[PDB]
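# can you look at this? It's an experimental structure, sequence on top.
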Amino acid sequence: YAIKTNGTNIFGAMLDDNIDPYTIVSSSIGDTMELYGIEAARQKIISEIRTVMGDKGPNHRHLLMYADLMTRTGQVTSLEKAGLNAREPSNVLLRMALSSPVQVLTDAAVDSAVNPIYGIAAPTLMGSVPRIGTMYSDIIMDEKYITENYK
Amino acid sequence: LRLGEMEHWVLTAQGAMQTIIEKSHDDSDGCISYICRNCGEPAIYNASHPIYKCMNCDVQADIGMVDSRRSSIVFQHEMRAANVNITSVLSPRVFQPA
Amino acid sequence: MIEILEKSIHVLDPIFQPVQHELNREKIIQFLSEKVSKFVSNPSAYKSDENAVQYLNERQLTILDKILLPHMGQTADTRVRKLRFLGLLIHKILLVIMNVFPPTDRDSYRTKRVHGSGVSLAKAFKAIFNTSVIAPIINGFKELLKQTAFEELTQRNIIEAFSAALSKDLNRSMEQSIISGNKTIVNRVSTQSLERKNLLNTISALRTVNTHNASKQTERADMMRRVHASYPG
Amino acid sequence: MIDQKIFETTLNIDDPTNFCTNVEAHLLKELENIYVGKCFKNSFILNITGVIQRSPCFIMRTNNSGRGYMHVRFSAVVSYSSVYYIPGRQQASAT
Amino acid sequence: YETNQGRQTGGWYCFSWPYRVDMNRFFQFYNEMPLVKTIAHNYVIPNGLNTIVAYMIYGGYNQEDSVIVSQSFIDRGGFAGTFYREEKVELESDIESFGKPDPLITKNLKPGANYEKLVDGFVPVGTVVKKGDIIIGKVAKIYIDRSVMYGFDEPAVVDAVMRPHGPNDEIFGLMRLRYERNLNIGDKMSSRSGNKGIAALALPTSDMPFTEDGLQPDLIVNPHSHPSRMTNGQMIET
Amino acid sequence: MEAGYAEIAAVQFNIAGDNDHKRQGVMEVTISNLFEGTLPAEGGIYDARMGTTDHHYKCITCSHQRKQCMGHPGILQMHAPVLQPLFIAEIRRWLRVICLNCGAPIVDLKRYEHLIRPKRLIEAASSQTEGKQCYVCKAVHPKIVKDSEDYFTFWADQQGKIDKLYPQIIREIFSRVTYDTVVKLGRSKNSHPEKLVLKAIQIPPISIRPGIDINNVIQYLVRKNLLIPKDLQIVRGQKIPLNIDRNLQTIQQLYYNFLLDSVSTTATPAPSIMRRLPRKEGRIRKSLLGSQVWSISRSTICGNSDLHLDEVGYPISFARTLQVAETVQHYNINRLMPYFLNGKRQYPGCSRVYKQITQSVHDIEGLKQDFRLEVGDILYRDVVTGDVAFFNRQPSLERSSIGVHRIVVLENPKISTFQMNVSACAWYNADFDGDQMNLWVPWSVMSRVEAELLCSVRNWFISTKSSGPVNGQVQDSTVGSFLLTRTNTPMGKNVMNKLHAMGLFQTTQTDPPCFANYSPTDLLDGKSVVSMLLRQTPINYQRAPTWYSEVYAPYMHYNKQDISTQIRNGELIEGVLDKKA
Amino acid sequence: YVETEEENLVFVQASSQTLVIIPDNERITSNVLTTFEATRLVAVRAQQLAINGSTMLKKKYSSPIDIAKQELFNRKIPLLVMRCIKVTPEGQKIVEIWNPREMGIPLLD
Amino acid sequence: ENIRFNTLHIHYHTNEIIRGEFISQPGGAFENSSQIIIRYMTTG
Amino acid sequence: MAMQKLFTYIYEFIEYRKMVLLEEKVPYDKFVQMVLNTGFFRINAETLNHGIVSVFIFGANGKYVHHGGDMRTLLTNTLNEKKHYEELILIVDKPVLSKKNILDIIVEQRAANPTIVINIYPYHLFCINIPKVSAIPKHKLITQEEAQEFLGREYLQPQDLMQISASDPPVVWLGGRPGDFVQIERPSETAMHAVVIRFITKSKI
Amino acid sequence: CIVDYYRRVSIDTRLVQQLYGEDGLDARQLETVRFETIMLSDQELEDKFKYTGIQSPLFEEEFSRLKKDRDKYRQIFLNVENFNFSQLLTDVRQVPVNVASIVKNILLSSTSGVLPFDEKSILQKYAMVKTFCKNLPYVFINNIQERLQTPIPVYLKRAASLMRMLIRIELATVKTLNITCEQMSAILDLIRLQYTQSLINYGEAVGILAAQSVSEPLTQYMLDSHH
Ligand SMILES: [Mg+2]
Ligand SMILES: [Zn+2]
Ligand SMILES: [Zn+2]
Ligand SMILES: [Zn+2]
């Protein structure tokens, strides 16, 4: 048997001597992060997303992708525009494409942001195709094979 | 008939491209965009009427061609019309050792 | 009731502070007439003239007699009963705040009406008639009095000014109110094109009741689309 | 005064399979079509000389033309109102 | 779903349809009072037919609420009718005029369009119009061309002799196009219980399954369409 | 001259100052007339140097036609300066940190020296600076306030008279500041406040403003610029007459409405420039991220049990409308000749040829005398059975929402639907209640290779989401497999003679098995024929079927030979086949 | 349009890079073509045949997609795969150049 | 679909608290109605 | 309460830090009464390098958590002790981390003496044997040359790695500094545990 | 988020994952197999997997490796069960290659029935299984480095731990007794080939895949909100 409560306080339960302090499991991601570290926050994110998906939920590597992206900076960053600023501040074009193009355009202009072209939205907004799967690897013509075993 | 945001997302998820190049560029608003590569601003090039110049740094022009879309050029023009200077770094040339 | 009402009475106000503690009815009436009436841009020149003050006070009292709770009456002798009904309304509101009452069911049909053709067309027509008839007529009369002396003019001049002022619109405005039905042009003409897919579609078009609101992300959007228990029948 | 100048340029190859058979000679041919007799980068390029460095024949990414570009670093002899080598022209002018 | 589909259902859309010029209106020739009617049919005309429906599996062409339709039931007139469209164009001013443009001074002739079969600037009634045919020809600067091209891939027939006098006291074209609409493969059908289904099979009368006493269905609907939707009203109606 | 291939590695954004506009614009606009004859008025806001929107002329600047011309900016020399509408908040922050009379900062730079650079200016603006003293030049700093009746105008009250901060003396004040103050405040060297105010604004190229609606705003702006005298030299306290003041205010408000109309940010009748970006139907999400494409078809989908899962039924009319680009070479001229000679008249025909010698496309209606193709020619030919086509259904939520099917052209003209196997619906989450699906046939060689090698629907048989299979038997085929594989029918044993066993394999399109060992009266079991099908791909499977459920078990007598399904190397000898299997 | 404002916080020619090539004994990327790389190689060769037409296959094929696919399968593709993830600020590009005639081929079936 | 006139509609402000709106129509269907809104505020 | 668990687990934390105690451990009663008495409590430990690391446990209603000058005096005289002073540790109540004045004093003192590191932590970082918590994987610091060879194999710059805050519980228990690399053995449901290396970034305050 | 040439997932150049799925496997190339040792007891483990036909401490080392793998799996997934609400320990894992199927195929394609005892062949089979398991982490690298025997990065050693477990479970000498040395080499080649085929591709846009795969169940979460 064990206790499932409403509301979260890892600190107090950890302080209480009639309950096990090493097996605190809290639904909240913020509390888990703040008293356990970014890795436990990542694990809690995976667990919560898995619970939300349910039985039909996707392969575990997708939940791993979610958690590893949202916790790659040492703090739980959201998927909202604020998380995009936290993770990718130099990608002006991606943030313009997401939401509020005017504000981020003005901020980039005043900040003189140098935006490198990477990912999907940044090259798409510049009229170029992203460097992903079929174009991830450069293909160079074989000089010696053509000179020797061709022509 | 529209190949919307989610269709582009799906084609990306398949690592397609090429098909993305076809459908978007070669089939909607494909255009060639010339950039000086010495100043990062759009330039002027014409093969028939042999124009090879850019207004920003005239003599120092080293134009290269960048495949783009008319929508992207119009978007850049709109950003410049809002007094935001969109200058492009362009990929550096890569040479092998002698 | 007494506690909340006393607290509300003693609380200061940003705007009506000068008349907050005024026991003089005339001074408060004049204050409100200054605040709400147009065409009073410098509320100190007219102050010296007692007739201007009389005009403002009488105009304000007539306006309030017409405007505040008109269903109880629109004359001076009904002011006490209007205040009785206003007190009853405040009593009901503060009863609801007690949880003695629940809030009004926004989707129940105990407090809803359906206004079709006649009511909607009249409510759009008063505004359209005003804008397209009374405004041009007033403008034409003002221009005519600019062109001639106020005593010199003759009856035929008045009639010709009347008829010419309306040259220019009413039909186009009514037709646009019908065709558009667009909720902000706020238009109260719920209108739809008559698509004759069949006889059933036409008769169901003529038997349609449209909410025609806005409703953002809330439980309201779900709740107002459900089958309410007052719908049966 | 004539002088030796080093230039940077990215070519464009319309048929990389044909071109890569004889890369060096084909490169010099393309360069003498492109740069001989035209003002470019504050210089006139009288005569083409050997290429200092070149690049593998990369296939263009952003287009489906199957064409290649290659980068070339070549030295060429140039004839270097101070002076106006307006690019794309076959004569200078500093009148 | 039935409340929606019965209002979408094609039938006698207007009792005075010939006098009207309505855009995108379909007039289903044959209508039947249901063998199982309701009180609603005292007040509105029924729209549909009492098709013989076999709730059976036939080759799997009726999976995922598709319907197998007898080609003979289509040919005989089932769910057929006329589909109407209207093309109206008014002159911008007295500068324009209806009429077949002259090839020389037109200066703006349509590329490869027909421009024949026009009389006085209008295609006469009973004329079959293809995707390249020019209708309601209209030139301006009287030159320049502002003529109207048919556009639609599906050929139509013209039946409208009218050049009305508009509210601005000016003439306009207002021609009406008539389309021959049988029940093609891909047209949607639905029973009064709300079971939509796209018609995908054209089986001749010999290929249709038949009972011991010669009865064959018009539509073959998949039995799988029932249990999830619980449309038992359709089965009781049958 | 060579314009070599290149790719944009990075993009930098900057404030566009007077010099940037001056060196960027191709010409100068000083005339209010829009059109002067058929040709646009020279020197106006429609001058051809900016760009062409009509096929009647060329850009002059680039000598390209309307298609290949990308537009070029212009310069309108304003007779009075204007504030840049985007950076009014930046202007407010700058005015309240530097001395109005000398330009040196009035805040202590040492307090914000250590701080992170982008926020230094915001903390500097947060200081009151009211009545503060400027040490370097001994001048009291006034209070900078923002007018509430508009967005652009600035005032200044120094414990007293409120003088208006016109763009001219604002330019003077910003010019007083030096680079060191800007750098130490965390702003880039390119972020100097002198760039915030402009005397020569940039008129956008005609490519972004076609017309023969924002051009109206630009035209009124030019006219009002003409209505302003050229010699305006406003100083702090010039008390310019009300007519010049109202005209300058109108010119500034008109520029602000040209740029930022109906757009409100945390800062601050033709829709302005910035209104065109956001929202779904704006510039970004409708033009860049999405696109309208040629060579694409849409129609209602419907079932067809005769098509393989990797095949889609394509009506012949669509195949005649859509085209596939096949270049004519030595290896394919023999195969591509029938497509050419069929032409517009017969299927499979073709109507387009791109002659490399002429570098132009030709309609085959006039190619009777040429009568032949050549190496280096591109022939656009009708889609044929076996071509690969992309098959999509909105909403496209999964990786499998866009798959490549093989084209099966249905030559019957009465059919206009897209036909696809019912088992293929699981990819697109589609049904045949009226769904419409997109289909475009790749025409480029790279696109075809990529489609058939990477986007083929076989790659999406195993779900990327849950790593399981998505396709299978649905409804009809599930119940059919159950009926076929069960042990007993109501008539007794579930057997069929040799004729009906062969009838089962009639329409599988495979190589039919050998029934030569069966007498005409031999009775084949259902598990027997299922095994003769499964032996081609022998697998091992042992699982209870969905037909067997404990909840049913008390009622109805399950056949013990049906409640356990067992397959050994493709030999189905037990149970039934149903949803589980 | 009001931007719902949470207002969140945060020499134009790049120096040329020298293409440094990792020696074949220090290449760590997989010696088997990814399906992306194989698809790209087949597409590039097929387009090159579409524009040039020359071939090295002893068997006649009527379609460039087939010639390119069979060239990949028979390990005579005249194209090298340059795998590159590095660009140093020092102006140097670190790539691995793989010969597909030596790499294993993915399924593609 | 319109709310009833001459009827007090009290729904919570979900700086304000409970609010009541009374739209008063003086006479028949066509008389113009003056709406009076009573608010109970967080200030008391 | 937080104080008794803090008292046991802080010596546990010093034990994990592989550091020898200098001051003798007083009993719980003396410690708790002294916390109210003197407003704090000082614990001294020596590293393997043989440098002094000090720890300060502050009561919630103590003297030095209320205002600034007292806090300034305490740290100024403590850092004036003739010790090697490789690290100094503050432990304060959780809201006290939001009293910007005290952090201003600690920041300005850090500026005054930059050659040693000053850190401030809440109680929960020391109210349990954090490394033994189930949800926390096994953090461990790798040496500079091992991390450098790892990066050189991967052609990675140190900033390209995932970042871990120096205020994380297990990194503090490790004693990790900014510019150090931590290797984490994290359990996995797809590969049955996997190893990552993270880059330690300056602590959040 | 794009998989780079090290099969890390990185934004531009900043890492997001040291290895894509923590195993580097495509989600479309997985199968749920059973790990037969997890639920066994020590006596049962000895009965089923410990080999007694040949006297050698080598096979004792093999069994001790198997037991250590079982103890490991138990410890990690018990902790995983601990810090979750209701995610329990299961012995069914998604692995790229089902070794049991390959063994069954080779046994059903065998040229004979039960083989006669061959001690040298048994020792060769165990030694080659051990060598293959030790060289397995080179699938994430290449065969060049496998031949050069360059050190494996630690995360790559950890990536193949589950598959090393599975191979040691399925190719245990108790189950390999009827498999010849040539058959075992064929099995090893097939395992390596399928493992190579199951790896994620350089340049796959895995962020889009994760976004789609998580956003799809959100629709059903909406639909099941009313429940
Ligand atoms: Mg549907
Ligand atoms: Zn330039
Ligand atoms: Zn141009
Ligand atoms: Zn000063």
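It's in. Residues are numbered from 1 along each chain as shown, chains lettered A, B, ... in the order given. Ligands and ions are numbered 1, 2, ... in the order given.

# going by C-alpha atoms from here, please, whenever you check contacts or count neighbours.
Will do.

# which helix is the longest one in chain A?
In chain A, taking DSSP state H as the definition, the longest helix is helix A:38-53.

# report the contact partners of the residue positioned nearest the centre of chain E.
Taking CA atoms, centre = their mean, the centroid of chain E lies closest to residue E:83, which sits 3.2 Å from it. Neighbouring residues of residue E:83 by CA atoms under 8 Å, 6 or more residues apart in numbering or on different chains: E:24-27, E:178-181.

# one more: residue I:130?
With contact taken as CA under 8 Å, 6+ apart, residue I:130 is in contact with A:36, I:136, I:169-170, I:173.

# try residue C:91
Listed by CA under 8 Å, 6+ apart, the contact partners of residue C:91 are residue C:1.

# that one belongs to a helix, doesn't it?
Yes. With DSSP: H, G, I helix; E, B strand; the rest coil as the criterion, residue C:91 is part of a helix.

# just give the closest residue to residue 92, not the sequence neighbours.
No chain specified, so I'll use chain A. residue A:115 (6.0 Å; CA to CA, 6 or more residues apart in numbering or on different chains).

# hmm, no, I was thinking of chain D.
The shortest distance from residue D:92 to any non-neighbouring residue, by CA to CA, 6+ apart, is to residue D:85 (5.0 Å).

# ok, back up a step: and the longest helix of chain A, what does it pack onto?
helix A:29-36, helix A:60-70, helix J:206-223 (3 or more CA pairs under 8 Å, 6 or more residues apart in numbering or on different chains; DSSP states H and E).

# which of these is buried the deepest?
Stretch with highest mean neighbour count among the helices and strands packed on helix A:38-53: helix A:60-70 (a mean of 25; mean count of other CA atoms under 10 Å in any protein chain shown).

# packing partners for that one?
Secondary-structure packing of helix A:60-70 (3+ CA pairs under 8 Å, 6+ apart): helix A:38-53, strand J:14-17, helix J:206-223.

# any part of the next helix or strand after that helix near chain I?
The helix or strand immediately downstream of helix A:60-70 is helix A:81-87, counting by DSSP states H and E. No. Helix A:81-87 lies out of reach of chain I by CA under 8 Å from any CA of the partner chain, never closer than 11.0 Å.

# now the residue in chain C that chain H sits nearest to: how far from residue E:58?
As assessed by CA to the nearest CA, chain H sits closest to residue C:71 within chain C, at 3.7 Å. The gap separating residue C:71 from residue E:58 is 71 Å, by CA to CA, to the nearest Å.

# between the two, which one's more packed in?
residue C:71 (20 against 16; other CA atoms under 10 Å in any protein chain shown).

# residues touching that one, list them.
Residue C:71 sits next to H:6, H:24-27 when contact means CA under 8 Å, 6+ apart.

# just curious, which of these is nearest to chain A?
Of all the contacts of residue C:71, chain A sits closest to residue H:24, with 43.4 Å by CA to the nearest CA.

# report the beta-bridge partners for that closest one.
residue H:34 (DSSP bridges).

# burial check on it, number of neighbours?
Residue H:24 has 23 nearby residues by other CA under 10 Å.

# give the contact list for it.
So residue H:24 contacts C:69-71, H:5-7, H:33-36 (CA under 8 Å, 6+ apart).

# tell me the SS of the residue nearest in space to the middle of chain J?
With the centre of chain J defined as its mean C-alpha position, the nearest residue by CA atoms, centre = their mean is residue J:163, 1.2 Å away. Here residue J:163 is recorded as helix under three-state DSSP.

# is residue F:427 in a helix, a strand, or coil?
With three-state DSSP as the criterion, residue F:427 reads helix.

# would you confirm that it contacts residue F:469?
No. Counting by CA atoms under 8 Å, residue F:427 stays clear of residue F:469, with 10.1 Å between them.

# ok, back up a step: how far away is the residue of chain C closest to chain H from chain G?
To chain G, residue C:71 is 41 Å away according to CA to the nearest CA, to the nearest Å.

# which one is the closest residue to chain C within chain E nearest to, not counting chain neighbours?
When scored by CA to the nearest CA, chain E has residue E:13 as its residue closest to chain C, at 3.8 Å. Closest residue to residue E:13 apart from its sequence neighbours, by CA to CA, 6+ apart: residue C:198 at 3.8 Å.

# distance of that neighbour from residue D:2?
Taking CA to CA, one finds residue C:198 at 90 Å from residue D:2.

# when the two are compared, which one has more neighbours?
Neighbour totals were compared for residue C:198 and residue D:2, and residue C:198 leads with 26 against 12 (other CA under 10 Å).

# can you show me the helices along the stretch 351-500 of chain F?
Taking DSSP state H, counting those that start in this stretch as the criterion, the stretch 351-500 of chain F contains helices spanning F:425-428, F:445-450, F:476-485, F:498-505.
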